[PDB]
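A.B. asks: One structure, pasted below without further comment.
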Amino acid sequence: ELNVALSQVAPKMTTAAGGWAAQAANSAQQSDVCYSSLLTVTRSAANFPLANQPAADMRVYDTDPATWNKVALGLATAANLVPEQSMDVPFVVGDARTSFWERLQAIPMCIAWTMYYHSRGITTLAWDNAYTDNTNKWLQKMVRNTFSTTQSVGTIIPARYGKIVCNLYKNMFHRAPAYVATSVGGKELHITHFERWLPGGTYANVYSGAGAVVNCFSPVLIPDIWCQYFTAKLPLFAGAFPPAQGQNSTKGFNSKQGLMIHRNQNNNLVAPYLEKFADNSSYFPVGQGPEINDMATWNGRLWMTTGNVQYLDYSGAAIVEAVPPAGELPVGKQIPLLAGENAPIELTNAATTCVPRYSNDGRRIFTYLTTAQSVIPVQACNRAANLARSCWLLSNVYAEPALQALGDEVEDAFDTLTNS
Amino acid sequence: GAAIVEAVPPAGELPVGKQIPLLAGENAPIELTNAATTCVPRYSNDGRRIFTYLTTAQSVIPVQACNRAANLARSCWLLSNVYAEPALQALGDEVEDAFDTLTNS
Amino acid sequence: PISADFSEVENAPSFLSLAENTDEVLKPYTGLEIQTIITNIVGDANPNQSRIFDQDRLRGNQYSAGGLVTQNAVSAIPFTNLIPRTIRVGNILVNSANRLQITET
Amino acid sequence: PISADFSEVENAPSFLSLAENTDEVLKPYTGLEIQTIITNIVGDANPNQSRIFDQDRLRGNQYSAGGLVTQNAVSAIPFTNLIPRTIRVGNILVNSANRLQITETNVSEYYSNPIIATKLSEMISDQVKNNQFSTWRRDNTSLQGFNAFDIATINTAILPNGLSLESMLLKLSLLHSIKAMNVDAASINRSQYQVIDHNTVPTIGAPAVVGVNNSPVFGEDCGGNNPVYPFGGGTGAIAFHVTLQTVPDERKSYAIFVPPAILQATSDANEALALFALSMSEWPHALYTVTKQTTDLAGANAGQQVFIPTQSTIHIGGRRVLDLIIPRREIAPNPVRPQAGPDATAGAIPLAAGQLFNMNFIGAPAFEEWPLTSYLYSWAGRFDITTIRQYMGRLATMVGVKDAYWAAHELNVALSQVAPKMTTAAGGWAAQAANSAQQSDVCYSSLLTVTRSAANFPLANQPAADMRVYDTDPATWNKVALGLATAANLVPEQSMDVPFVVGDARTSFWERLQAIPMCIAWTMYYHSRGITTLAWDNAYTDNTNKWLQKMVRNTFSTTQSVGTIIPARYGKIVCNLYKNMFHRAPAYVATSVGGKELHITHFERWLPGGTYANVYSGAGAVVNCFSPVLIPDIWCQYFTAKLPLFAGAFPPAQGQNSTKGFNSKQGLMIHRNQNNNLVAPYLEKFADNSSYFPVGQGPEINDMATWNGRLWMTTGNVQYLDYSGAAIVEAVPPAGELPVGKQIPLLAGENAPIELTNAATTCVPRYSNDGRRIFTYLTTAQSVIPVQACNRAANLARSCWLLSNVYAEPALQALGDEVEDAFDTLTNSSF
Amino acid sequence: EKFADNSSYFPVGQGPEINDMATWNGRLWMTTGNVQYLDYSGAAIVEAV
Amino acid sequence: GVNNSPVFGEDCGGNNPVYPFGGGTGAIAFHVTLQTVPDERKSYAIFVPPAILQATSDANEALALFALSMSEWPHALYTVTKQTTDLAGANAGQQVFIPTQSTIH
């Protein structure tokens with residue numbers, strides 16, 4: 001499981017309006033490429049054989065001769081070394097389908113890291129520059145904990161907040177990832193590849209259509225549908241947009257759910273129903289960051305999908321970070337098509353969830369629309385309108401007719417005849 | 001969907017009130033504000049039912065208004081409890097009693 | 001899960017309630033059971049090939065914002081373990097003008 | 001059952017009570033139930049005495065609406081696995097101007113019944129192997145024919161699926177059904193050479209000749225002696241190794257152990273390597289033909305038609321390169337019989353090919369690959385059904401092949417017995433013309449049009465899949481055929497426990513009768529809700545009426561749980577309309593999500609993509625309306641224990657009362673629209689409050705009113721209009737004409753059906769393509785006697801069959817366990 | 001008030017909450033003799049100053 | 001293949017093999033006992049038990065799987081060459097890939 005964590009490696013993103021963008025033919029940004037941990041793979045600067053050896057990425061254990069020699073001779077038996085049968089070998093060993101399986105085992109890792117990095121929107125320059133230049137006591141705490149920094153004596157200490165990622169894999173896929181046993185202070189604890197990473201490194205940012213760095217989102221690496229179709233129980237802020245032309249289609253969360261609107265209407269520029277501030281209005285406190293709110297992160301990506309989105313400020317001024325040219329969310333990599341087989345249409349292969357909320361400056365980022373073009377999302381938040389978003393028609397999702405000419409309730413034809 | 005024997009108005013042209021001359025600083029009604037809307041025909045002279053129709057294209061928004069999935073925009077008189085609604089409904093909390101609890105509320 | 005309506009969005013667990021500690025058995029999540037979520041999929045334009053060479057993508061119908069169904073639309077499966085050292089550039093193979101990605105434990 | 005009077009039309013079971021779940025364990029449908037009615041054989045087995053050649057159709061008296069009795073009027077058995085690639089046009093044989101109908105499965109490995117290492121596998125690991133870790137010894141603990149380093153690389157990491165002997169046992173269940181056409185002439189019907197080519201009389205005398213790669217039109221001799229695969233141009237490769245060390249470095253995991261129990265000194269013993277290499281690799285390897293001497297109607301032009309069976313057009317496999325490891329006698333170290341291989345001969349056919357076989361190469365050296373389409377072409381005139389039967393008995397001694405062959409066999413029947421669509425006519429017995437798409441256009445038993453090929457053969461296009469079937473993996477086969485693993489569906493048996501269909505001459509007769517209750521169950525599924533044929537075709541993605549997308553969405557198998565098939569919803573409705581309607585359960589296989597083990601039948605493994613059972617008119621034009629109707633009604637009525645009330649025989653005219661209807665005492669009402677001239681039957685109370693269905697509503701299942709709608713379109717002058725009497729988008733038959741069964745040539749003293757007797761009246765259209773409700777109308781002048789027949793104050797003169805209902809209980813001997821034979825009453829304590 | 005940083009613009013049914021701790025505290029600052037009456041963000045207003 | 005990558009070095013000793021992650025070649029000495037070693041690395045000697053020599057049928061591919069697993073990854077820079085074609089099919093060639101798991105130190 002911890003080669004799939006660091007050998008299944010994925011190209012980053014590309015900002016575009018519709019679906020299916022890619023980079024170029026020969027470019028440094030096409031083969032720019034990331035882990036499943038939303039964490040850019042170190043590219044070699046020298047020539048092989050490498051003179052300067054870079055920083056390490058994941059902690060592993062070793063095998064020494066001094067214990068292997070006593071184990072191989074019957075002078076030594078441990079608790080994790082009780083022999084077994086040949087039919088108890090993992091069935092991956094020796095099969096022709098390993099490369100297809102390891103390709104699929106990497107996707108629910110990146111969903112757990114994707115929901116980790118999107119809950120607090122800690123925009124990719126804040127993750128990258130958290131060791132380069134930081135004056136905030138919070139942003140340095142977030143990187144120190146998430147990655148396995150601590151060492152006592154010769155023992156991989158599991159990271160804080162990577163047990164949050166491990167619990168976003170168990171509570172979300174109903175499957176636990178494989179571990180080893182590890183004694184830190186005489187206490188028996190388990191450690192996963194979610195907990196073994198090392199601090200440092202560029203994270204997964206987004207490139208534009210022309211190839212420029214667009215590091216103003218949270219780290220994205222895979223689009224929305226892989227998070228939403230593969231998940232048993234998925235959180236609120238990253239939910240699929242339901243079909244367009246239906247009753248109860250696509251609405252938001254207003255002040256009935258405790259949120260507040262910002263409305264900098266002097267610069268024709270209003271923001272969603274976001275959470276209450278409590279000294280988070282313009283600058284965050286030294287040592288505090290964005291609150292986990294799913295009502296407001298759903299509501300913020302509900303405005304990023306409108307089409308002309310500004311990521312400015314409390315007062316409406318520009319941030320230091322690189323903004324995409326339009327309402328141009330990061331969209332998935334385009335591969336060649338086959339016979340009778342289409343491309344995605346409109347924000348269907350996109351990555352919507354990456355709502356920026358925390359700037360590099362320790363400053364709050366607001367998602368803005370114009371006062372004129374936000375009357376319909378505000379009424380959608382007030383539950384007085386529906387919104388029209390594109391969706392995948394998969395397994396319970398039906399195409400809604402334009403004239404909703406509803407009848408009675410119940411409507412169970414062959415359904416009570418089955419288990420309903 | 002066939003015609004009835006009765007005399008239909010030329011368009012969406014509801015019966016509207018009689019116009020008297022205006023005075024200084026004083027306006028005419030604007031749009032279906034001095035009209036008589038309630039007179040929905042339902043029983044023809046033939047003993048036949050009369051149906052009110054719109055086109056399939058121009059009825060998607062009233063059907064969603066009936067399904068409580070949209071609101072409609074109609075003109076009104078601002079009289080004694082009826083206030084002009086802003087375009088950007090930027091609602092806050094509930095309650096909202098400023099000088100109202102200080103009176104009989 | 002994919003939301004069929006907005007009542008499935010509202011009835012979704014929070015981030016805090018989906019990140020507590022759990023104490024269940026919870027079998028490992030093998031790609032032998034992730035292969036069927038991408039193969040046994042809903043669609044009528046899907047040709048349903050049986051070989052792994054064609055069962056890579058996420059195929060499916062898509063329903064637009066204006067109410068139009070796209071028949072067999074695909075999302076790339078975005079995880080490889082292969083750096084191309086010879087890129088198809090200008091319809092023919094040139095070698096790559098890019099360095100090689102290295103990791104270290 | 002057919003109706004004696006109206007009091008048992010009225011007191012017939014409903015649809016909802018007959019589609020409920022059932023907890024009874026029921027016997028399998030053997031096909032003997034239809035047999036013991038339409039033939040002289042009621043009691044027991046008959047070798048060649050019983051002329052099944054002439055006993056091929058439903059026979060009985062009929063009673064017209066005008067009070068006359070027709071003596072011997074016949075309805076054809078409407079199913080065959082033979083597509084006539086030579087058509088008799090104008091009393092003489094010409095080539096077909098029509099492509100070949102091909103199917104394609106969706107072979108994938110799913111979580112079957114779980115598997116566990118035996119005491120032999122724990123014996124190899126614990127002992128021997130583990131004990132070589134102290135003695136510095138690399139000895140060989142060889143099991144039966146293989147090295148210790150061949151068993152040691154297989155007594156290893158086991159996949160958590162468990163194997164299903166389904167794909168190889170459908171290929172065995174499939175070549176059997178091809179190679180059982182050359183058994184005799186008086187054991188195969190003549191109607192099943194006449195289902196598509198109805199201007200044809202086959203002969204008692206010369207049997208059918210089951211040839212291979214000799215079809216005269218549109219390619220289809222896919223290498224007549226330079227053979228390739230029919231699906232994908234390619235020849236494959238087979239190699240007979242003695243060790244895994246010889247398999248080069250590339251494959252070595254795909255390598256299949258040939259177990260030494262299938263090859264013993266009991267047979268030819270080298271044909272069993274070809275049945276093993278044919279079960280494990282690919283179907284079809286070649287395009288089999290069935291050539292029979294036929295004659296025209298009067299009998300002048302005796303020639304030989306070429307047929308291609310339907311089960312040689314089913315694309316199953318995906319294994320084109322075989323590496324078979326062969327048992328090496330007892331015990332020997334590693335080395336034209338280098339390491340004591342028993343044999344590997346080529347066949348019996350000379351086969352001038354790309355590797356140029358001469359007549360019969362005997363060769364098992366180390367690597368030295370052959371082609372596989374060549375190696376199977378040489379064993380293509382030798383696979384007679386007795387050899388297939390004893391090969392099945394040698395399989396059954398080591399694995400459990402009783403229930404899995406019967407599931408694979410009615411999978412064969414499910415996707416091999418294939419029927420031409422319909423033709424709309426007023427009376428009885430309409431067919432199509434010669435050399436036309438409409439004669440050869442053809443459907444499944446699931447009311448679902450069989451795809452024919454688009455371009456010339458061997459095919460590069462690979463059409464959409466039709467059915468999800470499982471497969472044997474080689475890696476688990478290598479350890480369950482060796483004693484290293486076992487499951488509950490793989491517990492071994494005896495050769496007595498091989499099913500009764502195997503190796504019997506009467507398979508081509510029985511398999512076409514097993515497919516009739518499949519089409520009765522699907523026919524009653526598609527007729528309870530009448531959605532015509534257009535609101536089934538483009539129904540998967542219509543943005544109008546979310547109900548219809550849910551219907552077509554759920555009918556098909558497009559769901560999963562853990563890595564295994566979740567079977568279809570609403571295919572258990574068809575399965576319960578099989579078990580309740582026939583009192584006999586269809587054969588399931590096992591699928592496990594985890595712990596919980598559940599059952600999936602051919603009723604639950606179909607796939608979307610493909611049009612439905614269309615109906616043609618008399619001039620060949622399409623009449624996409626009614627409902628997906630296939631075989632004529634009397635099949636969907638007489639051979640039935642409990643037929644739901646909307647499908648029912650119009651009872652005979654006995655006294656003054658013949659045929660009545662259902663009125664407002666049963667909760668119904670007359671529609672009665674805008675104009676005064678046309679009125680509709682007693683439909684539901686919802687029919688006047690709809691006019692168009694809501695976007696989550698569909699046709700309510702009412703069998704009072706569906707009866708009452710087919711009671712009006714039997715009158716002979718109806719129009720299928722609208723809530724207001726306007727036309728619909730769907731194609732309407734030209735007059736008061738109904739879909740009527742296929743006409744076959746008659747015999748002496750034997751009549752044609754008369755008037756709506758060989759018809760399908762149950763297909764009442766109720767749901768148009770647009771989501772609007774379809775009403776059947778009559779003129780006010782010509783609806784007084786139907787309305788008063790509904791009010792029980794008049795009578796309607798309808799035609800009927802003069803048969804009676806028997807429906808015997810199952811036999812459970814079926815010519816497959818005749819263990820009464822005197823030489824084992826005395827060898828009986830030893831079993 | 002505590003509401004002053006969570007508004008910046010009043011909602012369409014809210015107005016200035018009657019707080020005499022804070023109105024005192026606002027006339028306590030514009031008695032200083034050099035104030036500006038700007039905005040949530042320090043921008044000018046439509047009203048004549 | 002192994003050490004076949006065309007550009008940016010990566011033929012790490014294409015016919016004189018060296019480590020990719022440092023200038024080196026290593027040293028193997030197969031000694032039966034501790035009293036035979038270079039008398040300076042006795043503390044790092046690895047016993048090969050006979051079970052490893054009984055694992056593989058060749059019995060000497062299993063020393064090499066035990067020298068590869070105990071020493072150093074990577075020992076060389078593996079490539080995966082596959083015949084590919086362009087988007088419509090005109091220019092049949094063979095791309096050189098390097099797997100991501102042959103660049104892990």
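Residues in the structure tokens are named by chain (A, B, ... in the order shown) and by number from 1 within that chain; ligands are numbered from 1 in the order shown.
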With a distance cut-off of 12 Å and only C-alpha atoms, select the neighbouring residues of residue 450 of chain D, excluding the residue or stretch itself and same-chain residues fewer than 3 positions from it, and output the selection as a PyMOL selection string.
C.D. replies: chain D and resi 83+99-104+310+313-314+415-421+440-447+453+463-466+609-614
A.B. asks: Atoms to include: N, CA, C and O atoms. Write the selected residues as a short mmCIF file (atom, residue, chain, number, x, y, z; two decimals), in the first residue's frame.
C.D. replies:
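Saved the output as result-v4.cif:
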```
data_model
loop_
_atom_site.label_atom_id
_atom_site.label_comp_id
_atom_site.auth_asym_id
_atom_site.auth_seq_id
_atom_site.Cartn_x
_atom_site.Cartn_y
_atom_site.Cartn_z
N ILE D 83 -30.09 -20.01 -38.49
CA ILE D 83 -30.34 -18.90 -39.41
C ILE D 83 -30.02 -19.37 -40.82
O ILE D 83 -28.87 -19.74 -41.09
N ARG D 99 -27.16 -10.08 -43.50
CA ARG D 99 -26.03 -10.29 -42.60
C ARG D 99 -26.39 -11.31 -41.53
O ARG D 99 -27.55 -11.66 -41.32
N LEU D 100 -25.37 -11.79 -40.83
CA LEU D 100 -25.53 -12.85 -39.83
C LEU D 100 -25.75 -12.24 -38.45
O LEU D 100 -25.08 -11.28 -38.07
N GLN D 101 -26.70 -12.81 -37.71
CA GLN D 101 -27.06 -12.29 -36.40
C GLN D 101 -26.07 -12.76 -35.34
O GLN D 101 -25.95 -13.96 -35.08
N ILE D 102 -25.40 -11.80 -34.71
CA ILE D 102 -24.34 -12.08 -33.76
C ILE D 102 -24.71 -11.53 -32.39
O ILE D 102 -25.40 -10.52 -32.26
N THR D 103 -24.28 -12.24 -31.34
CA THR D 103 -24.45 -11.76 -29.98
C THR D 103 -23.06 -11.60 -29.37
O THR D 103 -22.06 -12.04 -29.93
N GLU D 104 -23.01 -10.96 -28.21
CA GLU D 104 -21.74 -10.80 -27.51
C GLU D 104 -21.99 -10.70 -26.01
O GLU D 104 -22.85 -9.93 -25.57
N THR D 310 -27.31 -20.38 -34.04
CA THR D 310 -27.16 -19.13 -33.33
C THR D 310 -26.04 -19.22 -32.30
O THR D 310 -25.36 -18.22 -32.04
N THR D 313 -22.53 -18.04 -33.13
CA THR D 313 -22.40 -16.61 -33.37
C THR D 313 -22.33 -15.83 -32.07
O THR D 313 -22.50 -14.61 -32.07
N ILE D 314 -22.10 -16.51 -30.96
CA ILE D 314 -22.07 -15.90 -29.64
C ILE D 314 -20.61 -15.70 -29.26
O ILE D 314 -19.88 -16.67 -29.05
N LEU D 415 -29.82 -17.21 -24.62
CA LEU D 415 -29.23 -16.47 -25.73
C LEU D 415 -28.95 -17.24 -27.02
O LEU D 415 -28.12 -16.80 -27.83
N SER D 416 -29.64 -18.34 -27.25
CA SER D 416 -29.53 -19.08 -28.50
C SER D 416 -30.81 -19.39 -29.25
O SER D 416 -30.77 -19.48 -30.47
N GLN D 417 -31.93 -19.56 -28.57
CA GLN D 417 -33.21 -19.78 -29.23
C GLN D 417 -33.79 -18.42 -29.57
O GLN D 417 -34.06 -17.61 -28.68
N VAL D 418 -33.96 -18.17 -30.85
CA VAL D 418 -34.10 -16.83 -31.41
C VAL D 418 -35.21 -16.87 -32.45
O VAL D 418 -35.26 -17.79 -33.27
N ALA D 419 -36.12 -15.89 -32.40
CA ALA D 419 -37.40 -15.97 -33.08
C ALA D 419 -37.69 -14.76 -33.95
O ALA D 419 -37.37 -13.63 -33.56
N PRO D 420 -38.29 -14.95 -35.13
CA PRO D 420 -38.58 -13.80 -36.01
C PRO D 420 -39.75 -13.01 -35.46
O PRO D 420 -40.58 -13.55 -34.73
N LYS D 421 -39.82 -11.74 -35.84
CA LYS D 421 -40.51 -10.78 -34.99
C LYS D 421 -42.03 -10.94 -34.93
O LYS D 421 -42.51 -11.52 -33.96
N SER D 440 -35.60 -12.16 -42.02
CA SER D 440 -34.44 -12.53 -41.22
C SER D 440 -34.30 -11.71 -39.95
O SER D 440 -33.48 -12.07 -39.10
N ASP D 441 -35.05 -10.61 -39.81
CA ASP D 441 -35.02 -9.82 -38.58
C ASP D 441 -35.70 -10.63 -37.50
O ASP D 441 -36.74 -11.25 -37.73
N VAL D 442 -35.12 -10.62 -36.31
CA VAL D 442 -35.27 -11.76 -35.43
C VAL D 442 -35.04 -11.27 -34.00
O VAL D 442 -34.44 -10.21 -33.81
N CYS D 443 -35.56 -11.98 -33.00
CA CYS D 443 -35.51 -11.51 -31.62
C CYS D 443 -35.19 -12.64 -30.67
O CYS D 443 -35.35 -13.82 -30.99
N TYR D 444 -34.76 -12.27 -29.48
CA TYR D 444 -34.51 -13.18 -28.37
C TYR D 444 -35.82 -13.68 -27.78
O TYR D 444 -36.91 -13.33 -28.23
N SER D 445 -35.73 -14.49 -26.73
CA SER D 445 -36.88 -14.76 -25.90
C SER D 445 -37.16 -13.63 -24.92
O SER D 445 -38.22 -13.61 -24.30
N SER D 446 -36.23 -12.68 -24.78
CA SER D 446 -36.41 -11.52 -23.92
C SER D 446 -36.96 -10.33 -24.66
O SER D 446 -36.77 -9.20 -24.20
N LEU D 447 -37.62 -10.56 -25.81
CA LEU D 447 -38.34 -9.55 -26.59
C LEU D 447 -37.39 -8.44 -27.05
O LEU D 447 -37.72 -7.26 -27.01
N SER D 453 -24.67 -8.45 -38.10
CA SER D 453 -23.36 -7.87 -38.34
C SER D 453 -23.47 -6.67 -39.27
O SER D 453 -24.41 -6.55 -40.06
N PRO D 463 -19.41 -5.30 -31.58
CA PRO D 463 -20.62 -4.62 -31.10
C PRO D 463 -20.84 -4.63 -29.59
O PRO D 463 -20.06 -5.21 -28.84
N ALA D 464 -21.92 -3.99 -29.14
CA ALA D 464 -22.17 -3.85 -27.72
C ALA D 464 -22.58 -5.19 -27.10
O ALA D 464 -23.20 -6.04 -27.75
N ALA D 465 -22.24 -5.36 -25.83
CA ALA D 465 -22.50 -6.60 -25.13
C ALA D 465 -23.97 -6.74 -24.79
O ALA D 465 -24.69 -5.75 -24.63
N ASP D 466 -24.42 -7.99 -24.69
CA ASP D 466 -25.83 -8.31 -24.46
C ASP D 466 -26.10 -8.95 -23.11
O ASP D 466 -27.23 -8.86 -22.63
N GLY D 609 -28.77 -1.28 -24.52
CA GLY D 609 -28.25 -1.14 -25.87
C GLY D 609 -28.86 -2.18 -26.78
O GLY D 609 -28.54 -3.37 -26.67
N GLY D 610 -29.73 -1.75 -27.68
CA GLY D 610 -30.44 -2.67 -28.55
C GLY D 610 -31.92 -2.38 -28.58
O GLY D 610 -32.50 -1.99 -27.56
N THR D 611 -32.54 -2.56 -29.74
CA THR D 611 -33.95 -2.27 -29.93
C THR D 611 -34.78 -3.46 -29.46
O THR D 611 -34.25 -4.50 -29.09
N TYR D 612 -36.10 -3.29 -29.44
CA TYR D 612 -36.95 -4.31 -28.85
C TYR D 612 -37.76 -5.01 -29.93
O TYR D 612 -37.57 -4.78 -31.13
N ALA D 613 -38.68 -5.86 -29.48
CA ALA D 613 -39.45 -6.73 -30.36
C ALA D 613 -40.44 -5.90 -31.15
O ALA D 613 -41.57 -5.64 -30.72
N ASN D 614 -40.00 -5.49 -32.33
CA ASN D 614 -40.75 -4.77 -33.33
C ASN D 614 -41.79 -5.69 -33.96
O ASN D 614 -41.75 -6.92 -33.81
#
```
A.B. asks: List the spatial neighbours of residue 105 of chain B as a tab-separated table (two decimals) with N, CA and C atoms, in the first residue's frame - criterion: any atom at most 12 Å away, only C-alpha atoms, same-chain residues fewer than 6 positions off excluded.
C.D. replies:
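Listing of around17.tsv after writing:
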```tsv
chain	number	residue	atom	x	y	z
B	95	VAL	N	-36.55	37.23	13.89
B	95	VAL	CA	-37.00	38.26	14.84
B	95	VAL	C	-37.20	39.65	14.22
B	96	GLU	N	-36.11	40.40	14.09
B	96	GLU	CA	-36.15	41.73	13.48
B	96	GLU	C	-37.26	42.65	14.00
B	97	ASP	N	-37.31	42.83	15.32
B	97	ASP	CA	-38.29	43.72	15.93
B	97	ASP	C	-37.51	44.88	16.51
B	98	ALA	N	-37.57	46.04	15.85
B	98	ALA	CA	-36.79	47.18	16.33
B	98	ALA	C	-37.55	48.02	17.35
B	99	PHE	N	-38.59	48.72	16.88
B	99	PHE	CA	-39.53	49.47	17.71
B	99	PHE	C	-40.85	48.75	17.83
```
A.B. asks: Mind checking which residues fall within 10 Å of residue 71 of chain C, counting only C-alpha atoms, ignoring those fewer than 4 positions away in the same chain, and posting them as a short mmCIF file (atom, residue, chain, number, x, y, z; two decimals) with N, CA, C and O atoms, in the first residue's frame?
C.D. replies:
```cif
data_model
loop_
_atom_site.label_atom_id
_atom_site.label_comp_id
_atom_site.auth_asym_id
_atom_site.auth_seq_id
_atom_site.Cartn_x
_atom_site.Cartn_y
_atom_site.Cartn_z
N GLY A 340 -17.68 6.27 -30.80
CA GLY A 340 -18.96 6.45 -30.16
C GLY A 340 -18.84 6.83 -28.70
O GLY A 340 -19.40 6.15 -27.82
N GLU A 341 -18.13 7.91 -28.42
CA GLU A 341 -17.66 8.20 -27.08
C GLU A 341 -17.25 9.66 -27.00
O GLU A 341 -16.46 10.12 -27.83
N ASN A 342 -17.79 10.37 -26.02
CA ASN A 342 -17.79 11.82 -26.01
C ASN A 342 -16.86 12.37 -24.93
O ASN A 342 -16.40 11.65 -24.04
N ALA A 343 -16.61 13.65 -25.03
CA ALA A 343 -15.89 14.46 -24.06
C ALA A 343 -16.86 14.96 -23.01
O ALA A 343 -18.07 14.92 -23.21
N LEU A 393 -25.41 11.18 -15.18
CA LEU A 393 -26.61 10.36 -14.99
C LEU A 393 -26.19 8.93 -14.66
O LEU A 393 -26.07 8.06 -15.52
N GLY C 43 -25.39 2.98 -18.25
CA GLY C 43 -25.30 3.63 -19.54
C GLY C 43 -25.76 2.70 -20.64
O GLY C 43 -25.52 1.49 -20.57
N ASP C 44 -26.43 3.24 -21.65
CA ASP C 44 -26.90 2.43 -22.77
C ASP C 44 -26.02 2.55 -24.01
O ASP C 44 -26.04 1.64 -24.85
N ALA C 45 -25.26 3.63 -24.14
CA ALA C 45 -24.29 3.74 -25.23
C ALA C 45 -22.97 3.08 -24.89
O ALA C 45 -22.06 3.11 -25.73
N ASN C 46 -22.84 2.49 -23.72
CA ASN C 46 -21.60 1.85 -23.29
C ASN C 46 -21.43 0.54 -24.05
O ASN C 46 -22.31 -0.32 -23.98
N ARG C 59 -17.05 5.96 -17.92
CA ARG C 59 -18.00 6.27 -18.97
C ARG C 59 -19.37 6.56 -18.37
O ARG C 59 -19.73 6.02 -17.32
N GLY C 60 -20.13 7.42 -19.04
CA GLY C 60 -21.47 7.67 -18.55
C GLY C 60 -22.24 8.77 -19.26
O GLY C 60 -21.66 9.60 -19.94
N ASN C 61 -23.56 8.76 -19.10
CA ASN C 61 -24.38 9.83 -19.63
C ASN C 61 -24.20 11.09 -18.79
O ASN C 61 -23.95 11.03 -17.58
N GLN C 62 -24.33 12.23 -19.43
CA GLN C 62 -24.22 13.52 -18.77
C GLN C 62 -25.40 14.38 -19.15
O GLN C 62 -25.84 14.37 -20.30
N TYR C 63 -25.92 15.13 -18.19
CA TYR C 63 -27.10 15.95 -18.38
C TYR C 63 -26.73 17.39 -18.11
O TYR C 63 -26.35 17.73 -16.99
N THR D 541 -32.63 7.55 -21.98
CA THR D 541 -32.21 8.91 -21.68
C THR D 541 -33.22 9.98 -22.06
O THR D 541 -32.82 11.12 -22.32
#
```
A.B. asks: Could you give me, as CSV, every chain F residue with an atom at most 10 Å from chain D, plus its closest atom pair and distance in Å to one decimal, counting only C-alpha atoms, rows ordered by chain then number?
C.D. replies:
```
residue,atom,partner,partner_atom,distance
F:49,CA,D:133,CA,7.8
F:50,CA,D:136,CA,5.7
F:51,CA,D:133,CA,4.6
F:52,CA,D:133,CA,8.4
F:53,CA,D:138,CA,8.5
F:54,CA,D:138,CA,5.9
F:55,CA,D:149,CA,8.7
F:56,CA,D:149,CA,7.7
F:57,CA,D:149,CA,6.0
F:58,CA,D:245,CA,9.4
F:59,CA,D:138,CA,9.1
```
A.B. asks: Kindly provide, as a ChimeraX atom specification, the residues of chain B having any atom no farther than 8 Å from an atom of chain E, counting only C-alpha atoms.
C.D. replies: /B:86,89-92,96,98
A.B. asks: Those selected residues, please, written with C-alpha atoms and delivered as a short mmCIF file (atom, residue, chain, number, x, y, z; two decimals), in the first residue's frame.
C.D. replies:
```cif
data_model
loop_
_atom_site.label_atom_id
_atom_site.label_comp_id
_atom_site.auth_asym_id
_atom_site.auth_seq_id
_atom_site.Cartn_x
_atom_site.Cartn_y
_atom_site.Cartn_z
CA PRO B 86 -35.01 44.99 -2.90
CA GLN B 89 -32.53 39.61 -1.05
CA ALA B 90 -29.63 39.64 1.39
CA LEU B 91 -31.59 38.45 4.43
CA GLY B 92 -30.16 38.22 7.92
CA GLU B 96 -36.15 41.73 13.48
CA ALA B 98 -36.79 47.18 16.33
#
```
A.B. asks: With 6 Å as the limit and counting only C-alpha atoms, what residues in chain C lie close to chain D? Please list them as a VMD selection string.
C.D. replies: chain C and resid 33 36 40 to 42 44 47 to 48 50
